[PDB]
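In the block that follows, a single chain appears as structure tokens, in the form deposited in one PDB entry.
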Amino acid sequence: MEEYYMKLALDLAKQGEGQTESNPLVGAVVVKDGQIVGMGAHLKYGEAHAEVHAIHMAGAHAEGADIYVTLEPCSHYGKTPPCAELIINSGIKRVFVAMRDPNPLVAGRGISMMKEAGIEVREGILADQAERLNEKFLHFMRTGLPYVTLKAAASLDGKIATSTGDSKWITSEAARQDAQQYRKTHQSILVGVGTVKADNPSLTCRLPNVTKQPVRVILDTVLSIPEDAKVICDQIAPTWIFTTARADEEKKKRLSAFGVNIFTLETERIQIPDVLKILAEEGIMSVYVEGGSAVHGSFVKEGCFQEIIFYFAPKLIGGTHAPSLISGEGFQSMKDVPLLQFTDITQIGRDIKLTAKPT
């Protein structure tokens, strides 16, 4: 029964998937005398939290009742009493948090606030699942870095283009559509100029209710990206480019007026850990790296990736000097190559979709 009520809280929480933007999905269940009297979930960014809806729905049955919450109740004494306090004043006797605040700084303030009020607080009930709920979000608060997803579509022999650099549709139609989805679940999309220049890619999640365009990030060491690129122009979604001192001053103040946020790095070459640091500062909590063989390589030798997604089409491109899946410096020795782990294998159309994760 304990875990039951918590499972429900989870299921409610999930209903708000893709509706909170940069807020954590959350659910809550108010049980009273062995009867569910209140249920709730964070449904829309900036609107009522999950503990609120539930409490309200439970009304007078809140007092002397329990309340299962997926994540630790809000505890800032901001512009309104916090959900941690709102739980207090409602007369709830026992609270069942699943997992604590992601922010090392706040973690516990909620549990404390309540516990010192006489509320019995139990933690960890199904916290194993109350973890999967918001991977990307929890990663960000725990590591201050965005959640990186590396994606690519390649031939069966790991070539993302032919000798000519021609990528005239390696993967099928169904593949694109699928891959598109990720452009909606990530705060940003990232590519290296080597792609940009040779594709003028839009990089705009063209899915259902977009209600928020992802930041388009380009990596350019000497800032050579042409001004006739849909990312430079078409002011659809934001466009940030990272570069070194090597960029032209005028071109920089130019495109900077066009809305393009140019970030300059004081290093010889652009260092991935540095751009993921910047981004986490500009509030981005996730990046969808899908650009260039070289960019995918720097991301690998660095270890800056949480997820790997490759689309493999029934076709052999071949060619020794044809761009391969991952480039970069690589790993000279096999004993130094880290061990990933296949997460999921699913066939999209005639193509195959392999997905893996670290350790």
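So that the term is clear: the rigid core is the largest set of C-alpha atoms that superpose within 1.5 Å between two forms. So that there is no doubt, residue numbering starts at 1 and follows the sequence shown.
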| property | result |
| --- | --- |
| Average Cα temperature factor in the PDB entry - higher stretch of 299-307, 62-70 | 62-70 |
| Average Cα temperature factor in the PDB entry - higher stretch of 122-130, 150-158 | 122-130 |
| C-alpha B-factor winner, where the candidates are 250, 220, 274, 266 | 250 |
| Identity of residue with top Cα B-factor, from 163, 188, 143, 177 | 177 |
| Lowest, middle or highest third - CA B-factor, residue 354 | lowest |
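FYI, the form solved in complex with a small molecule isn't displayed, but the following is about it.
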| query | finding |
| --- | --- |
| Interface stretch in the deposited complex with the small molecule - options 108-116, 252-260, 77-85, 142-150, non-hydrogen atom within 4.5 Å | 77-85 |
| Position in contact with the small molecule when the complex is considered in the deposited complex, options 185, 235, 103, 129, heavy atoms within 4.5 Å | 103 |
| 4.5 Å heavy atom contact, residue 240 and the small molecule in the deposited complex | no |
| Residue 55: touches the small molecule in the deposited complex, heavy atom cutoff 4.5 angstroms | no |
| 4.5 Å heavy atom contact, residue 16 to the small molecule in the deposited complex | no |
| Partner proximity in the deposited complex: residue 32 to the small molecule, non-hydrogen atom cutoff 4.5 Å | no |
| Triple contact flag 24, 42 and 49 to the small molecule in the deposited complex, non-hydrogen atom at 4.5 angstroms | yes |
| Flagged residue of 79, 269, 253, 206 - C-alpha shift reaching 2 Å or more between the shown form and the other one, core superposed | 79 |
